[PDB]
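Asker: Here you go, this is start32.tsv (TSV, C-alpha atoms).
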```tsv
chain	number	residue	atom	x	y	z
A	6	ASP	CA	60.47	-269.28	-33.59
A	7	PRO	CA	60.78	-265.62	-32.54
A	8	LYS	CA	57.84	-264.04	-30.67
A	9	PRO	CA	54.87	-266.33	-29.95
A	10	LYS	CA	51.18	-265.41	-29.79
A	11	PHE	CA	50.72	-265.92	-26.07
A	12	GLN	CA	52.33	-265.02	-22.75
A	13	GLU	CA	52.78	-266.64	-19.37
A	14	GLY	CA	49.78	-265.71	-17.29
A	15	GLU	CA	47.56	-264.88	-20.26
A	16	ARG	CA	43.97	-265.90	-19.84
A	17	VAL	CA	43.12	-267.84	-23.02
A	18	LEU	CA	40.72	-270.11	-24.76
A	19	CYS	CA	42.14	-273.45	-25.49
A	20	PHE	CA	40.91	-276.30	-27.60
A	21	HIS	CA	40.72	-279.71	-25.98
A	22	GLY	CA	38.26	-282.00	-27.70
A	23	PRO	CA	35.78	-280.43	-30.14
A	24	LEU	CA	35.36	-277.79	-27.45
A	25	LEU	CA	37.00	-274.56	-26.32
A	26	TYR	CA	37.79	-273.89	-22.64
A	27	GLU	CA	38.86	-270.94	-20.61
A	28	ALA	CA	42.43	-271.42	-19.58
A	29	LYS	CA	45.74	-269.96	-18.47
A	30	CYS	CA	49.09	-270.04	-20.23
A	31	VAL	CA	51.36	-271.31	-17.45
A	32	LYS	CA	54.41	-272.03	-19.63
A	33	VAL	CA	55.80	-271.09	-23.05
A	34	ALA	CA	58.50	-273.27	-24.58
A	35	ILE	CA	60.08	-273.03	-28.00
A	36	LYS	CA	61.21	-276.19	-29.79
A	37	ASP	CA	62.55	-276.61	-33.32
A	38	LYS	CA	60.87	-273.42	-34.52
A	39	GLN	CA	57.58	-274.72	-33.14
A	40	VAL	CA	56.23	-272.85	-30.11
A	41	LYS	CA	54.41	-274.88	-27.46
A	42	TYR	CA	52.31	-273.96	-24.46
A	43	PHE	CA	51.79	-275.63	-21.15
A	44	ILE	CA	48.24	-275.03	-20.05
A	45	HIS	CA	46.01	-275.23	-17.04
A	46	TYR	CA	42.36	-275.41	-17.88
A	47	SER	CA	40.52	-273.15	-15.48
A	48	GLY	CA	38.27	-274.86	-13.00
A	49	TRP	CA	40.09	-278.05	-13.95
A	50	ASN	CA	42.24	-280.24	-11.78
A	51	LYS	CA	45.94	-279.79	-12.50
A	52	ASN	CA	46.39	-283.36	-13.72
A	53	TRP	CA	44.74	-282.38	-16.99
A	54	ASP	CA	47.28	-279.60	-17.35
A	55	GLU	CA	48.96	-280.25	-20.69
A	56	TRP	CA	51.29	-279.17	-23.45
A	57	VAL	CA	49.53	-277.79	-26.49
A	58	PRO	CA	50.76	-276.52	-29.85
A	59	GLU	CA	49.99	-272.88	-30.64
A	60	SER	CA	47.26	-273.78	-33.12
A	61	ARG	CA	45.12	-274.93	-30.20
A	62	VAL	CA	45.25	-271.69	-28.35
A	63	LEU	CA	42.96	-268.75	-29.13
A	64	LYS	CA	42.95	-265.22	-27.83
A	65	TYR	CA	40.33	-264.46	-25.18
A	66	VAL	CA	38.19	-262.07	-27.24
A	67	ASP	CA	34.59	-261.59	-28.36
A	68	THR	CA	35.09	-263.34	-31.71
A	69	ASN	CA	36.52	-266.44	-30.00
A	70	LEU	CA	33.94	-266.39	-27.18
A	71	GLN	CA	31.25	-266.43	-29.89
A	72	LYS	CA	33.07	-269.39	-31.48
A	73	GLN	CA	33.20	-271.06	-28.06
A	74	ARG	CA	29.47	-270.69	-27.73
A	75	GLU	CA	28.81	-272.01	-31.20
A	76	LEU	CA	30.92	-275.10	-30.60
A	77	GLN	CA	29.11	-275.59	-27.27
A	78	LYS	CA	25.71	-275.66	-28.92
A	79	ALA	CA	26.97	-277.73	-31.82
A	80	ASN	CA	28.41	-280.23	-29.31
A	81	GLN	CA	25.26	-280.00	-27.20
A	82	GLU	CA	23.44	-280.86	-30.41
A	83	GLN	CA	25.59	-283.95	-30.75
A	84	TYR	CA	24.88	-285.08	-27.19
A	85	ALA	CA	21.15	-284.50	-27.72
A	86	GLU	CA	21.29	-286.53	-30.91
A	87	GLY	CA	23.05	-289.41	-29.14
A	88	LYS	CA	19.69	-290.50	-27.73
```
Represent the structure from my file as structure tokens, please.
Answerer:
Amino acid sequence: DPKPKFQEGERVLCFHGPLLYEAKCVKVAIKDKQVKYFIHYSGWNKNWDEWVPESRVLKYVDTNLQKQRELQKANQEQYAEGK
């Protein structure tokens, strides 16, 4: 569907599990009105590179970095509780 949120090359934050990671938008493909993104997670081996729907990609900005940090601590709180 005309004009997607992200561009090839764009540094981004991408959701993977319950966590957000820095990442790059390697590819942008449109399918059936649904825009998809092929992503390489930075500092991550290319095998984990994957296709992701738009809803999993967030702009690399202060608001989302703060969200990243809050999910990190929340997750870290889950790990710490798992013992």
Asker: Residues at most 12 Å from residue 48 (chain A), counting only C-alpha atoms, excluding those fewer than 4 positions away in the same chain, as an NGL selection string?
Answerer: :A and (26-29 or 52-54)
Asker: In Å, rounded to a single decimal, give me how far CA of residue 37 (chain A) is from CA of residue 7 (chain A).
Answerer: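 Separation of CA of residue 7 (chain A) and CA of residue 37 (chain A): 11.2 Å.
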Asker: In Å to one decimal, how far is CA of residue 47 (chain A) from CA of residue 18 (chain A)?
Answerer: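 Computing it gives 9.8 Å between the two atoms.
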Asker: List as a list in words the residues having at least one atom at most 6 Å from position (54.0, -269.8, -22.5) as given in the file, counting only C-alpha atoms.
Answerer: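 Output: residues 12, 13, 30, 31, 32, 33 and 42 of chain A.
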Asker: At what distance in Å, to one decimal, does CA of residue 25 (chain A) lie from CA of residue 65 (chain A)?
Answerer: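 Here the two named atoms are 10.7 Å from each other.
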Asker: Have a look at A:9, A:19, A:34, A:87 and name the one nearest to residue 69 (chain A); count only C-alpha atoms.
Answerer: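 With only C-alpha atoms as the atom set, the closest residue is A:19.
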Asker: Do a neighbour search on residue 79 (chain A) at 12 Å with all atoms listed in the file, toss out local chain neighbours closer than 5 positions, and write the hits as a list in words.
Answerer: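 The residues satisfying every condition are residues 23, 24, 25, 72, 73, 74, 84, 85 and 86 of chain A.
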Asker: I'd like to know which of A:62, A:39, A:56, A:49 is closest to residue 20 (chain A), using only C-alpha atoms.
Answerer: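 Comparing A:62, A:39, A:56, A:49 against residue 20 (chain A), the winner is A:62.
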Asker: Considering all atoms listed in the file, return as an NGL selection string whatever protein or nucleic-acid residues lie within 7 Å of residue 58 (chain A), sequence-local ones (same chain, fewer than 3 positions apart) excluded.
Answerer: :A and (40-42 or 61)
Asker: Reconstruct region 13-32 of chain A at the level of N, CA, C and O atoms, and format the result as an mmCIF file, in the frame of the given file.
Answerer:
```cif
data_model
loop_
_atom_site.group_PDB
_atom_site.id
_atom_site.type_symbol
_atom_site.label_atom_id
_atom_site.label_comp_id
_atom_site.auth_asym_id
_atom_site.auth_seq_id
_atom_site.Cartn_x
_atom_site.Cartn_y
_atom_site.Cartn_z
ATOM 1 N N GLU A 13 53.001 -265.965 -20.628
ATOM 2 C CA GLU A 13 52.780 -266.640 -19.370
ATOM 3 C C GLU A 13 51.826 -265.792 -18.562
ATOM 4 O O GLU A 13 52.026 -264.588 -18.427
ATOM 5 N N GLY A 14 50.779 -266.422 -18.057
ATOM 6 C CA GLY A 14 49.780 -265.710 -17.290
ATOM 7 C C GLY A 14 48.538 -265.392 -18.095
ATOM 8 O O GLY A 14 47.463 -265.269 -17.536
ATOM 9 N N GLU A 15 48.678 -265.300 -19.415
ATOM 10 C CA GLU A 15 47.560 -264.880 -20.260
ATOM 11 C C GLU A 15 46.337 -265.777 -20.162
ATOM 12 O O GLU A 15 46.421 -266.973 -20.387
ATOM 13 N N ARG A 16 45.203 -265.184 -19.813
ATOM 14 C CA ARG A 16 43.970 -265.900 -19.840
ATOM 15 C C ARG A 16 43.689 -266.184 -21.322
ATOM 16 O O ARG A 16 43.839 -265.292 -22.156
ATOM 17 N N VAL A 17 43.266 -267.408 -21.636
ATOM 18 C CA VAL A 17 43.120 -267.840 -23.020
ATOM 19 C C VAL A 17 41.986 -268.808 -23.240
ATOM 20 O O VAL A 17 41.328 -269.273 -22.317
ATOM 21 N N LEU A 18 41.727 -269.114 -24.488
ATOM 22 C CA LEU A 18 40.720 -270.110 -24.760
ATOM 23 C C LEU A 18 41.516 -271.195 -25.393
ATOM 24 O O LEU A 18 42.315 -270.941 -26.286
ATOM 25 N N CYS A 19 41.325 -272.411 -24.948
ATOM 26 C CA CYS A 19 42.140 -273.450 -25.490
ATOM 27 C C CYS A 19 41.262 -274.576 -25.926
ATOM 28 O O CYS A 19 40.322 -274.919 -25.230
ATOM 29 N N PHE A 20 41.598 -275.154 -27.076
ATOM 30 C CA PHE A 20 40.910 -276.300 -27.600
ATOM 31 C C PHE A 20 41.354 -277.572 -26.871
ATOM 32 O O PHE A 20 42.539 -277.761 -26.599
ATOM 33 N N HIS A 21 40.402 -278.445 -26.583
ATOM 34 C CA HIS A 21 40.720 -279.710 -25.980
ATOM 35 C C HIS A 21 40.114 -280.840 -26.818
ATOM 36 O O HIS A 21 40.827 -281.539 -27.546
ATOM 37 N N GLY A 22 38.814 -281.038 -26.746
ATOM 38 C CA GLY A 22 38.260 -282.000 -27.700
ATOM 39 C C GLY A 22 37.758 -281.167 -28.881
ATOM 40 O O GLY A 22 38.528 -280.436 -29.506
ATOM 41 N N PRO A 23 36.463 -281.265 -29.148
ATOM 42 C CA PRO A 23 35.780 -280.430 -30.140
ATOM 43 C C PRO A 23 35.332 -279.140 -29.454
ATOM 44 O O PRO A 23 34.545 -278.386 -30.001
ATOM 45 N N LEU A 24 35.817 -278.910 -28.249
ATOM 46 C CA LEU A 24 35.360 -277.790 -27.450
ATOM 47 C C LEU A 24 36.470 -276.828 -27.056
ATOM 48 O O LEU A 24 37.635 -277.197 -26.963
ATOM 49 N N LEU A 25 36.079 -275.594 -26.780
ATOM 50 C CA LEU A 25 37.000 -274.560 -26.320
ATOM 51 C C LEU A 25 36.831 -274.299 -24.814
ATOM 52 O O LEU A 25 35.729 -274.174 -24.331
ATOM 53 N N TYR A 26 37.920 -274.172 -24.073
ATOM 54 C CA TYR A 26 37.790 -273.890 -22.640
ATOM 55 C C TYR A 26 38.571 -272.681 -22.208
ATOM 56 O O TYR A 26 39.616 -272.365 -22.762
ATOM 57 N N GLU A 27 38.104 -272.031 -21.159
ATOM 58 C CA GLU A 27 38.860 -270.940 -20.610
ATOM 59 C C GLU A 27 40.107 -271.561 -20.040
ATOM 60 O O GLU A 27 40.080 -272.705 -19.610
ATOM 61 N N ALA A 28 41.207 -270.832 -20.048
ATOM 62 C CA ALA A 28 42.430 -271.420 -19.580
ATOM 63 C C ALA A 28 43.488 -270.381 -19.403
ATOM 64 O O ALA A 28 43.328 -269.252 -19.880
ATOM 65 N N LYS A 29 44.569 -270.789 -18.737
ATOM 66 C CA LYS A 29 45.740 -269.960 -18.470
ATOM 67 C C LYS A 29 46.993 -270.533 -19.136
ATOM 68 O O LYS A 29 47.195 -271.748 -19.193
ATOM 69 N N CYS A 30 47.838 -269.642 -19.624
ATOM 70 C CA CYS A 30 49.090 -270.040 -20.230
ATOM 71 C C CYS A 30 50.183 -270.050 -19.150
ATOM 72 O O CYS A 30 50.826 -269.031 -18.879
ATOM 73 N N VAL A 31 50.373 -271.199 -18.518
ATOM 74 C CA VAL A 31 51.360 -271.310 -17.450
ATOM 75 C C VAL A 31 52.792 -271.265 -17.975
ATOM 76 O O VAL A 31 53.633 -270.570 -17.423
ATOM 77 N N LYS A 32 53.060 -271.991 -19.057
ATOM 78 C CA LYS A 32 54.410 -272.030 -19.630
ATOM 79 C C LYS A 32 54.447 -271.871 -21.155
ATOM 80 O O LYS A 32 53.511 -272.242 -21.865
#
```
